[PDB]
Amino acid sequence: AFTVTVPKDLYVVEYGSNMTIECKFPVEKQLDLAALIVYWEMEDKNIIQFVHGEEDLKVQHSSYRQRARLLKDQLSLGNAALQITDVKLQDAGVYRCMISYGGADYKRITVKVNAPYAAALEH
Amino acid sequence: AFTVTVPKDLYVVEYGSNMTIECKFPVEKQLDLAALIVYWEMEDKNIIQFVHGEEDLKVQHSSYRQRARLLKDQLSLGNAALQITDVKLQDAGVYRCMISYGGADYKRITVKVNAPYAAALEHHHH
Ligand SMILES: Cc1c(COc2ccc3nc(CN)c(NCCc4ccccc4)n3c2)cccc1-c1ccccc1
């Protein structure tokens with residue numbers, strides 16, 4: 001019954017701050033890397049790929065360059081936590097974490113961005 | 001690697017007919033049923049969950065009630081085919097087929113629904 005769970009399926013973040021979004025997956029033992037596949041995505045844009053126990057960014061969408069990282073240490077605890085720094089309005093939307101570690105599952109997370117008079121994104 | 005391929009990323013179906021949408025996954029030699037996990041989704045609504053070699057429709061969205069089935073016989077050829085019966089105008093949209101079988105991957109498929117006026121006018125009015 002391998003299940004990905006999320007403590008929060010909604011995050012409300014203030015423009016310019018850092019954000020950390022969590023997916024949990026069952027991990028009893030010392031973790032078997034390169035048996036673990038973590039894919040994070042927002043709308044249809046890859047943010048993070050983690051396969052063969054190594055970060056893959058060669059598919060990462062232009063936007064998330066230099067602002068997205070997976071907290072690789074939390075993986076051992078069954079926590080695929082995605083940290084986005086310097087949150088933009090374009091970061092508002094639906095995120096998906098897809099995790100394969102024996103079984104496979106996903107959860108969606110909605111991110112909402114509060115912002116000061118952001119004429120800038122309008123255009 | 002592990003890649004899901006889709007021979008068609010666009011289907012044009014007539015309202016009321018049946019539809020069969022394919023997602024191909026590499027299967028070298030005999031298939032390992034316990035390793036396979038297939039999720040069919042449209043928008044953010046689950047259509048088919050397939051784990052432990054058996055269809056799980058416990059999370060199946062109300063719209064697809066009694067019209068969604070995964071053709072289990074084509075699974076041996078590396079074909080995760082979703083069949084939708086009595087196609088509706090609400091079935092138009094982007095489908096996703098997420099497959100785990102060693103590696104993992106997904107592909108998107110766009111479904112367009114052609115309909116005569118009467119069917120369209122009902123869906124419109126409600
Ligand atoms: C589906 C899934 C994943 C998916 O991880 C990956 C791994 C490699 C990879 N390469 C690519 C690039 N081609 C993508 N996505 C690109 C999408 C795309 C589609 C159409 C055209 C263009 C691009 N990838 C996604 C990871 C973990 C658990 C699962 C899972 C499986 C079944 C049930 C539940 C969960």
# chains A, B, ... in the order shown; residues from 1 in each chain; ligands from 1
call {"tool": "interface_residues", "arguments": {"of": "chain A", "to": "chain B", "cutoff": "12 Å", "atoms": "only C-alpha atoms", "output": "number ranges by chain"}}
result
A: 1-3, 34-39, 43-44, 46, 49-52, 94-96, 98-110
call {"tool": "write_last_selection", "arguments": {"atoms": "C-alpha atoms", "output": "PDB file, in the first residue's frame"}}
result
ATOM      1  CA  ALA A   1       0.000   0.000   0.000  1.00  0.00           C
ATOM      2  CA  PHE A   2       3.026   2.332  -0.420  1.00  0.00           C
ATOM      3  CA  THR A   3       1.696   5.846   0.271  1.00  0.00           C
ATOM      4  CA  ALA A  34      19.243   3.928  -6.284  1.00  0.00           C
ATOM      5  CA  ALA A  35      15.931   2.224  -5.506  1.00  0.00           C
ATOM      6  CA  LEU A  36      14.533   5.707  -4.533  1.00  0.00           C
ATOM      7  CA  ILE A  37      13.256   8.116  -7.243  1.00  0.00           C
ATOM      8  CA  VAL A  38      12.008  11.580  -6.258  1.00  0.00           C
ATOM      9  CA  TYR A  39      10.400  13.859  -8.881  1.00  0.00           C
ATOM     10  CA  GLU A  43       2.357  22.682 -13.383  1.00  0.00           C
ATOM     11  CA  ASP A  44       4.264  20.831 -16.152  1.00  0.00           C
ATOM     12  CA  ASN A  46      10.293  19.803 -13.659  1.00  0.00           C
ATOM     13  CA  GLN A  49      14.697  14.937 -10.403  1.00  0.00           C
ATOM     14  CA  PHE A  50      16.411  12.520  -8.040  1.00  0.00           C
ATOM     15  CA  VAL A  51      17.224   9.119  -9.465  1.00  0.00           C
ATOM     16  CA  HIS A  52      20.162   6.683  -9.073  1.00  0.00           C
ATOM     17  CA  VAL A  94      -0.040  23.201  -8.108  1.00  0.00           C
ATOM     18  CA  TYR A  95       3.068  21.133  -7.192  1.00  0.00           C
ATOM     19  CA  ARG A  96       3.422  17.351  -7.422  1.00  0.00           C
ATOM     20  CA  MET A  98       6.215  11.691  -7.183  1.00  0.00           C
ATOM     21  CA  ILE A  99       8.137   9.095  -5.158  1.00  0.00           C
ATOM     22  CA  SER A 100       9.173   5.577  -6.134  1.00  0.00           C
ATOM     23  CA  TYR A 101      10.711   3.399  -3.372  1.00  0.00           C
ATOM     24  CA  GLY A 102       9.322  -0.128  -3.782  1.00  0.00           C
ATOM     25  CA  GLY A 103       5.802   1.058  -4.488  1.00  0.00           C
ATOM     26  CA  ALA A 104       4.961   4.446  -6.030  1.00  0.00           C
ATOM     27  CA  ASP A 105       2.545   7.278  -5.317  1.00  0.00           C
ATOM     28  CA  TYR A 106       2.191  11.039  -5.524  1.00  0.00           C
ATOM     29  CA  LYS A 107       0.552  13.920  -3.809  1.00  0.00           C
ATOM     30  CA  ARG A 108      -0.366  17.378  -5.071  1.00  0.00           C
ATOM     31  CA  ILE A 109       0.334  20.548  -3.068  1.00  0.00           C
ATOM     32  CA  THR A 110      -1.153  23.961  -3.702  1.00  0.00           C
TER      33      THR A 110
END
call {"tool": "select_by_dssp", "arguments": {"residues": "chain B", "states": "helix (DSSP H, G or I)", "output": "PDB file with N, CA, C and O atoms, in the first residue's frame"}}
result
ATOM      1  N   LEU B  33       4.381  -8.610 -12.486  1.00  0.00           N
ATOM      2  CA  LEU B  33       3.108  -8.011 -12.003  1.00  0.00           C
ATOM      3  C   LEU B  33       3.248  -7.239 -10.688  1.00  0.00           C
ATOM      4  O   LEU B  33       2.616  -6.198 -10.574  1.00  0.00           O
ATOM      5  N   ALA B  34       4.027  -7.719  -9.720  1.00  0.00           N
ATOM      6  CA  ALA B  34       4.151  -7.026  -8.420  1.00  0.00           C
ATOM      7  C   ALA B  34       5.019  -5.767  -8.509  1.00  0.00           C
ATOM      8  O   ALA B  34       4.985  -4.988  -7.572  1.00  0.00           O
ATOM      9  N   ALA B  35       5.779  -5.591  -9.582  1.00  0.00           N
ATOM     10  CA  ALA B  35       6.639  -4.403  -9.728  1.00  0.00           C
ATOM     11  C   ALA B  35       5.866  -3.257 -10.385  1.00  0.00           C
ATOM     12  O   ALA B  35       6.266  -2.121 -10.186  1.00  0.00           O
ATOM     13  N   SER B  62     -15.744  10.613  -9.206  1.00  0.00           N
ATOM     14  CA  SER B  62     -17.163  10.283  -9.521  1.00  0.00           C
ATOM     15  C   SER B  62     -17.467  10.249 -11.023  1.00  0.00           C
ATOM     16  O   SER B  62     -18.233   9.390 -11.412  1.00  0.00           O
ATOM     17  N   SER B  63     -16.889  11.149 -11.813  1.00  0.00           N
ATOM     18  CA  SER B  63     -17.131  11.241 -13.274  1.00  0.00           C
ATOM     19  C   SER B  63     -16.857   9.925 -13.990  1.00  0.00           C
ATOM     20  O   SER B  63     -17.658   9.554 -14.842  1.00  0.00           O
ATOM     21  N   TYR B  64     -15.792   9.230 -13.615  1.00  0.00           N
ATOM     22  CA  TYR B  64     -15.379   7.997 -14.331  1.00  0.00           C
ATOM     23  C   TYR B  64     -16.033   6.746 -13.752  1.00  0.00           C
ATOM     24  O   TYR B  64     -15.686   5.665 -14.188  1.00  0.00           O
ATOM     25  N   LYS B  72      -6.063  -5.239 -18.863  1.00  0.00           N
ATOM     26  CA  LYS B  72      -5.026  -6.029 -18.162  1.00  0.00           C
ATOM     27  C   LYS B  72      -4.322  -7.000 -19.110  1.00  0.00           C
ATOM     28  O   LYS B  72      -3.158  -7.292 -18.879  1.00  0.00           O
ATOM     29  N   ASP B  73      -4.981  -7.433 -20.173  1.00  0.00           N
ATOM     30  CA  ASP B  73      -4.347  -8.406 -21.093  1.00  0.00           C
ATOM     31  C   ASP B  73      -3.215  -7.764 -21.889  1.00  0.00           C
ATOM     32  O   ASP B  73      -2.308  -8.485 -22.259  1.00  0.00           O
ATOM     33  N   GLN B  74      -3.243  -6.455 -22.117  1.00  0.00           N
ATOM     34  CA  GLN B  74      -2.190  -5.796 -22.928  1.00  0.00           C
ATOM     35  C   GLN B  74      -0.990  -5.416 -22.054  1.00  0.00           C
ATOM     36  O   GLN B  74       0.016  -5.014 -22.604  1.00  0.00           O
ATOM     37  N   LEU B  75      -1.085  -5.611 -20.741  1.00  0.00           N
ATOM     38  CA  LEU B  75       0.009  -5.297 -19.784  1.00  0.00           C
ATOM     39  C   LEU B  75       1.259  -6.145 -20.063  1.00  0.00           C
ATOM     40  O   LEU B  75       2.362  -5.655 -19.824  1.00  0.00           O
ATOM     41  N   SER B  76       1.090  -7.375 -20.555  1.00  0.00           N
ATOM     42  CA  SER B  76       2.213  -8.295 -20.869  1.00  0.00           C
ATOM     43  C   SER B  76       3.028  -7.791 -22.058  1.00  0.00           C
ATOM     44  O   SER B  76       4.206  -8.131 -22.126  1.00  0.00           O
ATOM     45  N   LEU B  77       2.413  -7.018 -22.952  1.00  0.00           N
ATOM     46  CA  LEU B  77       3.100  -6.468 -24.148  1.00  0.00           C
ATOM     47  C   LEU B  77       3.681  -5.086 -23.832  1.00  0.00           C
ATOM     48  O   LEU B  77       4.255  -4.467 -24.737  1.00  0.00           O
ATOM     49  N   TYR B 117     -24.970  19.209 -31.617  1.00  0.00           N
ATOM     50  CA  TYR B 117     -25.588  20.316 -30.892  1.00  0.00           C
ATOM     51  C   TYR B 117     -26.317  19.913 -29.594  1.00  0.00           C
ATOM     52  O   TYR B 117     -26.087  20.515 -28.542  1.00  0.00           O
ATOM     53  N   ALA B 118     -27.249  18.962 -29.693  1.00  0.00           N
ATOM     54  CA  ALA B 118     -28.071  18.553 -28.560  1.00  0.00           C
ATOM     55  C   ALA B 118     -27.230  18.149 -27.332  1.00  0.00           C
ATOM     56  O   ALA B 118     -27.487  18.597 -26.220  1.00  0.00           O
ATOM     57  N   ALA B 119     -26.211  17.317 -27.553  1.00  0.00           N
ATOM     58  CA  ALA B 119     -25.321  16.911 -26.482  1.00  0.00           C
ATOM     59  C   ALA B 119     -24.563  18.136 -25.950  1.00  0.00           C
ATOM     60  O   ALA B 119     -24.375  18.305 -24.738  1.00  0.00           O
ATOM     61  N   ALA B 120     -24.142  19.009 -26.867  1.00  0.00           N
ATOM     62  CA  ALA B 120     -23.335  20.168 -26.494  1.00  0.00           C
ATOM     63  C   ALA B 120     -24.188  21.132 -25.665  1.00  0.00           C
ATOM     64  O   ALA B 120     -23.745  21.653 -24.628  1.00  0.00           O
ATOM     65  N   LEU B 121     -25.425  21.346 -26.128  1.00  0.00           N
ATOM     66  CA  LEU B 121     -26.345  22.282 -25.502  1.00  0.00           C
ATOM     67  C   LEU B 121     -26.747  21.899 -24.078  1.00  0.00           C
ATOM     68  O   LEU B 121     -26.965  22.783 -23.247  1.00  0.00           O
ATOM     69  N   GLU B 122     -26.841  20.592 -23.803  1.00  0.00           N
ATOM     70  CA  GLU B 122     -27.110  20.091 -22.459  1.00  0.00           C
ATOM     71  C   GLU B 122     -25.924  20.334 -21.534  1.00  0.00           C
ATOM     72  O   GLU B 122     -26.102  20.870 -20.437  1.00  0.00           O
ATOM     73  N   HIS B 123     -24.728  19.919 -21.972  1.00  0.00           N
ATOM     74  CA  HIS B 123     -23.495  20.152 -21.227  1.00  0.00           C
ATOM     75  C   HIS B 123     -23.287  21.649 -20.975  1.00  0.00           C
ATOM     76  O   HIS B 123     -22.914  22.056 -19.872  1.00  0.00           O
ATOM     77  N   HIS B 124     -23.561  22.467 -21.999  1.00  0.00           N
ATOM     78  CA  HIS B 124     -23.526  23.924 -21.869  1.00  0.00           C
ATOM     79  C   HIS B 124     -24.469  24.417 -20.765  1.00  0.00           C
ATOM     80  O   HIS B 124     -24.034  25.138 -19.864  1.00  0.00           O
TER      81      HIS B 124
END
call {"tool": "closest_residue", "arguments": {"among": "B:12, B:80, B:87, B:4", "to": "ligand 1", "atoms": "only C-alpha atoms and all ligand atoms"}}
result
B:4
call {"tool": "select_by_dssp", "arguments": {"residues": "range 78-110 of chain A", "states": "strand (DSSP E)", "output": "list in words"}}
result
residues 79, 80, 81, 82, 83, 84, 93, 94, 95, 96, 97, 98, 99, 100, 101, 103, 104, 105, 106, 107, 108, 109 and 110 of chain A
call {"tool": "closest_residue", "arguments": {"among": "A:115, A:97, A:10, A:87", "to": "ligand 1", "atoms": "only C-alpha atoms and all ligand atoms"}}
result
A:97
call {"tool": "closest_residue", "arguments": {"among": "B:46, B:66, B:20, B:30", "to": "ligand 1", "atoms": "only C-alpha atoms and all ligand atoms"}}
result
B:46
call {"tool": "closest_residue", "arguments": {"among": "B:41, B:14, B:54, B:32", "to": "ligand 1", "atoms": "only C-alpha atoms and all ligand atoms"}}
result
B:41
